[PDB]
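Here is the file structure36.txt (compact mmCIF, N, CA and C atoms).
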```txt
# COMPACT_ATOMS: atom_id res chain seq x y z
N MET D 1 9.94 52.68 27.72
CA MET D 1 9.61 52.11 29.06
C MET D 1 9.34 53.21 30.08
N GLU D 2 10.21 54.21 30.19
CA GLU D 2 10.03 55.23 31.23
C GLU D 2 8.78 56.12 31.06
N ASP D 3 8.54 56.64 29.86
CA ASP D 3 7.40 57.54 29.65
C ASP D 3 6.08 56.83 29.86
N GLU D 4 6.04 55.55 29.54
CA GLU D 4 4.86 54.73 29.71
C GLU D 4 4.50 54.72 31.20
N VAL D 5 5.52 54.61 32.04
CA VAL D 5 5.32 54.61 33.48
C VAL D 5 4.91 56.01 33.96
N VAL D 6 5.48 57.05 33.37
CA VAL D 6 5.08 58.42 33.71
C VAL D 6 3.60 58.59 33.33
N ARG D 7 3.21 58.03 32.19
CA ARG D 7 1.82 58.03 31.74
C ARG D 7 0.93 57.36 32.76
N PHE D 8 1.36 56.22 33.29
CA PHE D 8 0.57 55.52 34.30
C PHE D 8 0.47 56.35 35.56
N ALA D 9 1.55 57.00 35.97
CA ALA D 9 1.53 57.82 37.18
C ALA D 9 0.51 58.95 37.03
N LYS D 10 0.54 59.65 35.90
CA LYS D 10 -0.39 60.76 35.67
C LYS D 10 -1.84 60.26 35.60
N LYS D 11 -2.05 59.10 35.00
CA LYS D 11 -3.40 58.52 34.92
C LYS D 11 -3.90 58.13 36.31
N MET D 12 -3.05 57.44 37.07
CA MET D 12 -3.41 57.00 38.42
C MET D 12 -3.70 58.17 39.33
N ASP D 13 -2.91 59.22 39.23
CA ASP D 13 -3.10 60.41 40.08
C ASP D 13 -4.53 60.94 39.97
N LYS D 14 -5.11 60.88 38.79
CA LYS D 14 -6.49 61.33 38.61
C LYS D 14 -7.50 60.41 39.29
N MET D 15 -7.18 59.14 39.43
CA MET D 15 -8.10 58.19 40.05
C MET D 15 -8.15 58.37 41.56
N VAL D 16 -7.02 58.64 42.20
CA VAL D 16 -7.01 58.87 43.65
C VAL D 16 -7.74 60.18 43.92
N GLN D 17 -7.49 61.16 43.07
CA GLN D 17 -8.20 62.45 43.14
C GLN D 17 -9.73 62.26 43.02
N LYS D 18 -10.16 61.31 42.20
CA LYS D 18 -11.60 61.00 42.05
C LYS D 18 -12.14 60.04 43.12
N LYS D 19 -11.27 59.63 44.04
CA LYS D 19 -11.62 58.68 45.13
C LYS D 19 -12.15 57.34 44.63
N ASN D 20 -11.75 56.93 43.44
CA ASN D 20 -12.13 55.64 42.89
C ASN D 20 -11.00 55.21 41.99
N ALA D 21 -10.31 54.16 42.40
CA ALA D 21 -9.17 53.65 41.66
C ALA D 21 -9.38 52.23 41.15
N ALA D 22 -10.62 51.76 41.11
CA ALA D 22 -10.90 50.40 40.63
C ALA D 22 -10.30 50.19 39.23
N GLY D 23 -10.40 51.21 38.40
CA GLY D 23 -9.88 51.15 37.05
C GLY D 23 -8.36 51.12 36.92
N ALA D 24 -7.65 51.44 37.98
CA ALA D 24 -6.18 51.44 37.95
C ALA D 24 -5.65 50.03 37.74
N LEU D 25 -6.48 49.02 37.94
CA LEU D 25 -6.07 47.63 37.82
C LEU D 25 -5.25 47.33 36.57
N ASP D 26 -5.72 47.80 35.43
CA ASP D 26 -5.04 47.55 34.17
C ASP D 26 -3.68 48.25 34.11
N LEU D 27 -3.65 49.48 34.60
CA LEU D 27 -2.42 50.28 34.61
C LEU D 27 -1.39 49.66 35.54
N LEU D 28 -1.88 49.00 36.57
CA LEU D 28 -1.01 48.32 37.51
C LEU D 28 -0.50 47.01 36.88
N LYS D 29 -1.35 46.32 36.14
CA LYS D 29 -0.95 45.07 35.47
C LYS D 29 0.08 45.37 34.39
N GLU D 30 -0.07 46.52 33.76
CA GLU D 30 0.89 46.99 32.75
C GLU D 30 2.28 47.16 33.36
N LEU D 31 2.33 47.81 34.52
CA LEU D 31 3.59 48.04 35.22
C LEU D 31 4.28 46.75 35.59
N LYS D 32 3.49 45.71 35.80
CA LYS D 32 4.01 44.41 36.19
C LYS D 32 4.86 43.78 35.09
N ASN D 33 4.67 44.23 33.86
CA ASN D 33 5.39 43.67 32.71
C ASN D 33 6.65 44.47 32.39
N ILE D 34 6.77 45.65 32.98
CA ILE D 34 7.90 46.54 32.72
C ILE D 34 9.02 46.24 33.72
N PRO D 35 10.28 46.08 33.24
CA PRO D 35 11.39 45.84 34.16
C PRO D 35 11.81 47.13 34.88
N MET D 36 11.10 47.42 35.96
CA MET D 36 11.33 48.63 36.74
C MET D 36 12.71 48.63 37.38
N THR D 37 13.38 49.77 37.32
CA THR D 37 14.70 49.94 37.91
C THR D 37 14.58 50.97 39.03
N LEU D 38 15.58 51.05 39.89
CA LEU D 38 15.61 52.06 40.95
C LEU D 38 15.63 53.43 40.30
N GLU D 39 16.42 53.54 39.25
CA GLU D 39 16.58 54.78 38.51
C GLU D 39 15.22 55.27 38.01
N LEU D 40 14.46 54.38 37.39
CA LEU D 40 13.14 54.72 36.88
C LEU D 40 12.23 55.15 38.02
N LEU D 41 12.30 54.48 39.16
CA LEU D 41 11.43 54.83 40.28
C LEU D 41 11.67 56.23 40.79
N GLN D 42 12.92 56.69 40.79
CA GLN D 42 13.21 58.03 41.28
C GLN D 42 12.60 59.07 40.34
N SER D 43 12.77 58.86 39.04
CA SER D 43 12.24 59.79 38.05
C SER D 43 10.72 59.75 37.93
N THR D 44 10.16 58.55 37.97
CA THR D 44 8.72 58.38 37.76
C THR D 44 7.87 58.58 39.00
N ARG D 45 8.45 58.33 40.17
CA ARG D 45 7.73 58.40 41.47
C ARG D 45 6.48 57.52 41.46
N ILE D 46 6.47 56.52 40.59
CA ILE D 46 5.30 55.66 40.42
C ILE D 46 4.97 54.91 41.72
N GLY D 47 5.97 54.58 42.52
CA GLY D 47 5.72 53.88 43.77
C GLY D 47 4.81 54.66 44.70
N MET D 48 4.96 55.98 44.73
CA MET D 48 4.12 56.81 45.58
C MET D 48 2.69 56.80 45.06
N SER D 49 2.54 56.86 43.74
CA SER D 49 1.21 56.83 43.12
C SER D 49 0.53 55.50 43.43
N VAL D 50 1.23 54.40 43.21
CA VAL D 50 0.69 53.06 43.46
C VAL D 50 0.32 52.89 44.93
N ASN D 51 1.12 53.43 45.84
CA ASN D 51 0.81 53.32 47.27
C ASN D 51 -0.48 54.05 47.61
N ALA D 52 -0.70 55.20 46.98
CA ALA D 52 -1.92 55.97 47.21
C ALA D 52 -3.11 55.23 46.60
N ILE D 53 -2.91 54.68 45.41
CA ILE D 53 -3.95 53.92 44.71
C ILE D 53 -4.33 52.69 45.51
N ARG D 54 -3.37 52.07 46.18
CA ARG D 54 -3.64 50.91 47.03
C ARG D 54 -4.69 51.24 48.11
N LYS D 55 -4.69 52.47 48.61
CA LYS D 55 -5.69 52.90 49.60
C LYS D 55 -7.05 53.19 48.95
N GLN D 56 -7.02 53.75 47.75
CA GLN D 56 -8.23 54.18 47.03
C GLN D 56 -8.76 53.09 46.10
N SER D 57 -8.22 51.89 46.26
CA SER D 57 -8.45 50.77 45.35
C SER D 57 -9.88 50.33 45.14
N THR D 58 -10.60 50.15 46.24
CA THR D 58 -11.99 49.63 46.29
C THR D 58 -12.10 48.15 45.83
N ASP D 59 -11.62 47.82 44.64
CA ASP D 59 -11.61 46.44 44.15
C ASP D 59 -10.40 45.72 44.74
N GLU D 60 -10.59 44.50 45.22
CA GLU D 60 -9.51 43.73 45.85
C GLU D 60 -8.34 43.42 44.91
N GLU D 61 -8.63 43.20 43.64
CA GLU D 61 -7.59 42.91 42.66
C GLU D 61 -6.61 44.08 42.54
N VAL D 62 -7.12 45.30 42.68
CA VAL D 62 -6.30 46.51 42.55
C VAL D 62 -5.36 46.59 43.73
N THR D 63 -5.89 46.35 44.92
CA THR D 63 -5.08 46.35 46.12
C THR D 63 -4.03 45.27 46.04
N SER D 64 -4.41 44.10 45.55
CA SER D 64 -3.51 42.98 45.42
C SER D 64 -2.41 43.25 44.39
N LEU D 65 -2.75 43.86 43.26
CA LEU D 65 -1.74 44.16 42.25
C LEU D 65 -0.80 45.23 42.80
N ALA D 66 -1.34 46.29 43.39
CA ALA D 66 -0.52 47.35 43.95
C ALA D 66 0.42 46.80 45.04
N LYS D 67 -0.10 45.91 45.87
CA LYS D 67 0.68 45.27 46.93
C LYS D 67 1.81 44.44 46.32
N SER D 68 1.51 43.75 45.23
CA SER D 68 2.51 42.93 44.54
C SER D 68 3.57 43.78 43.85
N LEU D 69 3.15 44.91 43.27
CA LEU D 69 4.08 45.79 42.57
C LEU D 69 5.11 46.33 43.56
N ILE D 70 4.60 46.88 44.65
CA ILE D 70 5.43 47.49 45.70
C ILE D 70 6.34 46.44 46.33
N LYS D 71 5.89 45.19 46.41
CA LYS D 71 6.73 44.13 46.98
C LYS D 71 8.04 44.01 46.20
N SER D 72 7.96 44.02 44.88
CA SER D 72 9.16 43.91 44.05
C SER D 72 9.96 45.21 44.09
N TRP D 73 9.26 46.32 43.97
CA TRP D 73 9.89 47.64 43.96
C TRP D 73 10.60 47.97 45.26
N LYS D 74 10.17 47.38 46.36
CA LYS D 74 10.84 47.63 47.63
C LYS D 74 12.30 47.27 47.52
N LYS D 75 12.61 46.10 46.96
CA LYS D 75 14.01 45.67 46.89
C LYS D 75 14.87 46.65 46.10
N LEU D 76 14.28 47.34 45.13
CA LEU D 76 15.02 48.31 44.33
C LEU D 76 15.44 49.48 45.22
N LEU D 77 14.53 49.92 46.07
CA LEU D 77 14.77 51.02 47.02
C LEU D 77 15.64 50.59 48.20
N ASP D 78 15.54 49.32 48.55
CA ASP D 78 16.23 48.71 49.70
C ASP D 78 17.62 48.20 49.28
N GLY D 79 18.04 48.57 48.08
CA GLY D 79 19.30 48.09 47.53
C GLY D 79 20.46 49.05 47.67
N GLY D 80 21.17 48.97 48.79
CA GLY D 80 22.33 49.82 49.02
C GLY D 80 23.62 49.22 48.47
N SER D 81 23.53 48.68 47.25
CA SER D 81 24.63 47.96 46.58
C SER D 81 25.04 46.73 47.39
```

Please re-express this file's structure in structure tokens.
Amino acid sequence: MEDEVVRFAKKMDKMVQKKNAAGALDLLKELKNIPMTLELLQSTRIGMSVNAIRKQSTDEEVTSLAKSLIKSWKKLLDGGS
């Protein structure tokens, strides 16, 4: 589970660098199936990648998926026990 997310982060990073993240859609849909934990988010930093991809999205589905991912992930970060 964790390395797969690290893989997505490294893949996504190249898309923001290329100023076209339309293709990130699939990588974002993949993340939607993984039970993300706060612990995983600290190690993977995937939330930062997805937030950047949300700006470089171009396709509305990508922005929508990234927006949906971060919506769930927020509670993990907003969880002070």

For atom CA of residue 61 of chain D and atom CA of residue 22 of chain D, quote the distance in Å rounded to one decimal.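 Answer for the atom CA of residue 61 of chain D to atom CA of residue 22 of chain D separation: 8.4 Å.
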
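With distances restricted to all atoms listed in the file, D:76 is the closest residue to residue 37 of chain D from D:13, D:5, D:76, D:66.
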
How far is it from atom CA of residue 41 of chain D to atom CA of residue 23 of chain D, in Å with one decimal?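 Straight-line distance from atom CA of residue 41 of chain D to atom CA of residue 23 of chain D works out to 21.9 Å.
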
Excluding residue 44 of chain D and its own-chain neighbours fewer than 6 positions away, which residues fall within 8 Å of it when counting all atoms listed in the file? Please give them as a short mmCIF file (atom, residue, chain, number, x, y, z; two decimals) with N, CA and C atoms, in the frame of the given file.
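Produced file selection21.cif, reproduced below:
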```cif
data_model
loop_
_atom_site.label_atom_id
_atom_site.label_comp_id
_atom_site.auth_asym_id
_atom_site.auth_seq_id
_atom_site.Cartn_x
_atom_site.Cartn_y
_atom_site.Cartn_z
N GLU D 2 10.21 54.21 30.19
CA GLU D 2 10.03 55.23 31.23
C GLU D 2 8.78 56.12 31.06
N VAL D 5 5.52 54.61 32.04
CA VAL D 5 5.32 54.61 33.48
C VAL D 5 4.91 56.01 33.96
N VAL D 6 5.48 57.05 33.37
CA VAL D 6 5.08 58.42 33.71
C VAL D 6 3.60 58.59 33.33
N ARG D 7 3.21 58.03 32.19
CA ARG D 7 1.82 58.03 31.74
C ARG D 7 0.93 57.36 32.76
N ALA D 9 1.55 57.00 35.97
CA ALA D 9 1.53 57.82 37.18
C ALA D 9 0.51 58.95 37.03
N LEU D 38 15.58 51.05 39.89
CA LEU D 38 15.61 52.06 40.95
C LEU D 38 15.63 53.43 40.30
#
```

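Distances here use all atoms listed in the file; by that measure, the residue among D:16, D:27, D:21, D:39 closest to residue 77 of chain D is D:39.
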
If you run DSSP on the backbone, which residues of chain D are alpha helix (DSSP H), as a CSV table (one decimal) with N, CA and C atoms, in the coordinates of the input?
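Resulting contents of out.csv:
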```csv
chain,number,residue,atom,x,y,z
D,2,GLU,N,10.2,54.2,30.2
D,2,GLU,CA,10.0,55.2,31.2
D,2,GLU,C,8.8,56.1,31.1
D,3,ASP,N,8.5,56.6,29.9
D,3,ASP,CA,7.4,57.5,29.6
D,3,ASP,C,6.1,56.8,29.9
D,4,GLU,N,6.0,55.6,29.5
D,4,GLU,CA,4.9,54.7,29.7
D,4,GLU,C,4.5,54.7,31.2
D,5,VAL,N,5.5,54.6,32.0
D,5,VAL,CA,5.3,54.6,33.5
D,5,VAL,C,4.9,56.0,34.0
D,6,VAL,N,5.5,57.0,33.4
D,6,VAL,CA,5.1,58.4,33.7
D,6,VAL,C,3.6,58.6,33.3
D,7,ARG,N,3.2,58.0,32.2
D,7,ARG,CA,1.8,58.0,31.7
D,7,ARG,C,0.9,57.4,32.8
D,8,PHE,N,1.4,56.2,33.3
D,8,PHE,CA,0.6,55.5,34.3
D,8,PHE,C,0.5,56.4,35.6
D,9,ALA,N,1.6,57.0,36.0
D,9,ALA,CA,1.5,57.8,37.2
D,9,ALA,C,0.5,59.0,37.0
D,10,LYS,N,0.5,59.6,35.9
D,10,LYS,CA,-0.4,60.8,35.7
D,10,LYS,C,-1.8,60.3,35.6
D,11,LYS,N,-2.0,59.1,35.0
D,11,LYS,CA,-3.4,58.5,34.9
D,11,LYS,C,-3.9,58.1,36.3
D,12,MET,N,-3.0,57.4,37.1
D,12,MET,CA,-3.4,57.0,38.4
D,12,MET,C,-3.7,58.2,39.3
D,13,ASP,N,-2.9,59.2,39.2
D,13,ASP,CA,-3.1,60.4,40.1
D,13,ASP,C,-4.5,60.9,40.0
D,14,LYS,N,-5.1,60.9,38.8
D,14,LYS,CA,-6.5,61.3,38.6
D,14,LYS,C,-7.5,60.4,39.3
D,15,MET,N,-7.2,59.1,39.4
D,15,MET,CA,-8.1,58.2,40.0
D,15,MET,C,-8.2,58.4,41.6
D,16,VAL,N,-7.0,58.6,42.2
D,16,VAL,CA,-7.0,58.9,43.6
D,16,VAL,C,-7.7,60.2,43.9
D,17,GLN,N,-7.5,61.2,43.1
D,17,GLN,CA,-8.2,62.4,43.1
D,17,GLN,C,-9.7,62.3,43.0
D,24,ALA,N,-7.6,51.4,38.0
D,24,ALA,CA,-6.2,51.4,38.0
D,24,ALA,C,-5.6,50.0,37.7
D,25,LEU,N,-6.5,49.0,37.9
D,25,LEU,CA,-6.1,47.6,37.8
D,25,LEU,C,-5.2,47.3,36.6
D,26,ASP,N,-5.7,47.8,35.4
D,26,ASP,CA,-5.0,47.6,34.2
D,26,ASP,C,-3.7,48.2,34.1
D,27,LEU,N,-3.6,49.5,34.6
D,27,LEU,CA,-2.4,50.3,34.6
D,27,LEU,C,-1.4,49.7,35.5
D,28,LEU,N,-1.9,49.0,36.6
D,28,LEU,CA,-1.0,48.3,37.5
D,28,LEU,C,-0.5,47.0,36.9
D,29,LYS,N,-1.4,46.3,36.1
D,29,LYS,CA,-1.0,45.1,35.5
D,29,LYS,C,0.1,45.4,34.4
D,30,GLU,N,-0.1,46.5,33.8
D,30,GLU,CA,0.9,47.0,32.8
D,30,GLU,C,2.3,47.2,33.4
D,31,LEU,N,2.3,47.8,34.5
D,31,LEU,CA,3.6,48.0,35.2
D,31,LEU,C,4.3,46.8,35.6
D,38,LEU,N,15.6,51.0,39.9
D,38,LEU,CA,15.6,52.1,41.0
D,38,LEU,C,15.6,53.4,40.3
D,39,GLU,N,16.4,53.5,39.2
D,39,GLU,CA,16.6,54.8,38.5
D,39,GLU,C,15.2,55.3,38.0
D,40,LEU,N,14.5,54.4,37.4
D,40,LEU,CA,13.1,54.7,36.9
D,40,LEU,C,12.2,55.2,38.0
D,41,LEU,N,12.3,54.5,39.2
D,41,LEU,CA,11.4,54.8,40.3
D,41,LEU,C,11.7,56.2,40.8
D,42,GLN,N,12.9,56.7,40.8
D,42,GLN,CA,13.2,58.0,41.3
D,42,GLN,C,12.6,59.1,40.3
D,43,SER,N,12.8,58.9,39.0
D,43,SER,CA,12.2,59.8,38.0
D,43,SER,C,10.7,59.8,37.9
D,44,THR,N,10.2,58.6,38.0
D,44,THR,CA,8.7,58.4,37.8
D,44,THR,C,7.9,58.6,39.0
D,46,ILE,N,6.5,56.5,40.6
D,46,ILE,CA,5.3,55.7,40.4
D,46,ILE,C,5.0,54.9,41.7
D,47,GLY,N,6.0,54.6,42.5
D,47,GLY,CA,5.7,53.9,43.8
D,47,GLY,C,4.8,54.7,44.7
D,48,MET,N,5.0,56.0,44.7
D,48,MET,CA,4.1,56.8,45.6
D,48,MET,C,2.7,56.8,45.1
D,49,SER,N,2.5,56.9,43.7
D,49,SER,CA,1.2,56.8,43.1
D,49,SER,C,0.5,55.5,43.4
D,50,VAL,N,1.2,54.4,43.2
D,50,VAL,CA,0.7,53.1,43.5
D,50,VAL,C,0.3,52.9,44.9
D,51,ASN,N,1.1,53.4,45.8
D,51,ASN,CA,0.8,53.3,47.3
D,51,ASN,C,-0.5,54.0,47.6
D,52,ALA,N,-0.7,55.2,47.0
D,52,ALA,CA,-1.9,56.0,47.2
D,52,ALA,C,-3.1,55.2,46.6
D,53,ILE,N,-2.9,54.7,45.4
D,53,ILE,CA,-4.0,53.9,44.7
D,53,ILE,C,-4.3,52.7,45.5
D,54,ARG,N,-3.4,52.1,46.2
D,54,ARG,CA,-3.6,50.9,47.0
D,54,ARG,C,-4.7,51.2,48.1
D,55,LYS,N,-4.7,52.5,48.6
D,55,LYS,CA,-5.7,52.9,49.6
D,55,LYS,C,-7.0,53.2,49.0
D,60,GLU,N,-10.6,44.5,45.2
D,60,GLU,CA,-9.5,43.7,45.8
D,60,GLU,C,-8.3,43.4,44.9
D,61,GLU,N,-8.6,43.2,43.6
D,61,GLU,CA,-7.6,42.9,42.7
D,61,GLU,C,-6.6,44.1,42.5
D,62,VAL,N,-7.1,45.3,42.7
D,62,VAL,CA,-6.3,46.5,42.6
D,62,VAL,C,-5.4,46.6,43.7
D,63,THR,N,-5.9,46.4,44.9
D,63,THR,CA,-5.1,46.4,46.1
D,63,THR,C,-4.0,45.3,46.0
D,64,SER,N,-4.4,44.1,45.6
D,64,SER,CA,-3.5,43.0,45.4
D,64,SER,C,-2.4,43.2,44.4
D,65,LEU,N,-2.8,43.9,43.3
D,65,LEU,CA,-1.7,44.2,42.2
D,65,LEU,C,-0.8,45.2,42.8
D,66,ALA,N,-1.3,46.3,43.4
D,66,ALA,CA,-0.5,47.4,44.0
D,66,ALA,C,0.4,46.8,45.0
D,67,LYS,N,-0.1,45.9,45.9
D,67,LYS,CA,0.7,45.3,46.9
D,67,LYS,C,1.8,44.4,46.3
D,68,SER,N,1.5,43.8,45.2
D,68,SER,CA,2.5,42.9,44.5
D,68,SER,C,3.6,43.8,43.8
D,69,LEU,N,3.2,44.9,43.3
D,69,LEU,CA,4.1,45.8,42.6
D,69,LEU,C,5.1,46.3,43.6
D,70,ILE,N,4.6,46.9,44.6
D,70,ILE,CA,5.4,47.5,45.7
D,70,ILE,C,6.3,46.4,46.3
D,71,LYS,N,5.9,45.2,46.4
D,71,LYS,CA,6.7,44.1,47.0
D,71,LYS,C,8.0,44.0,46.2
D,72,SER,N,8.0,44.0,44.9
D,72,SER,CA,9.2,43.9,44.0
D,72,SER,C,10.0,45.2,44.1
D,73,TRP,N,9.3,46.3,44.0
D,73,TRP,CA,9.9,47.6,44.0
D,73,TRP,C,10.6,48.0,45.3
D,74,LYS,N,10.2,47.4,46.4
D,74,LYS,CA,10.8,47.6,47.6
D,74,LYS,C,12.3,47.3,47.5
D,75,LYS,N,12.6,46.1,47.0
D,75,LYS,CA,14.0,45.7,46.9
D,75,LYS,C,14.9,46.6,46.1
D,76,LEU,N,14.3,47.3,45.1
D,76,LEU,CA,15.0,48.3,44.3
D,76,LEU,C,15.4,49.5,45.2
D,77,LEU,N,14.5,49.9,46.1
D,77,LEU,CA,14.8,51.0,47.0
D,77,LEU,C,15.6,50.6,48.2
```

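The closest residue to residue 60 of chain D, picked from D:34, D:24, D:46, D:40 and counting only C-alpha atoms, is D:24.
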
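Among the candidates D:1, D:12, D:52, D:31, the one nearest to residue 65 of chain D when counting only C-alpha atoms is D:31.
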
Could you tell me how far atom N of residue 19 of chain D lies from atom N of residue 68 of chain D, in Å and to one decimal?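 Those two atoms sit 20.4 Å apart.
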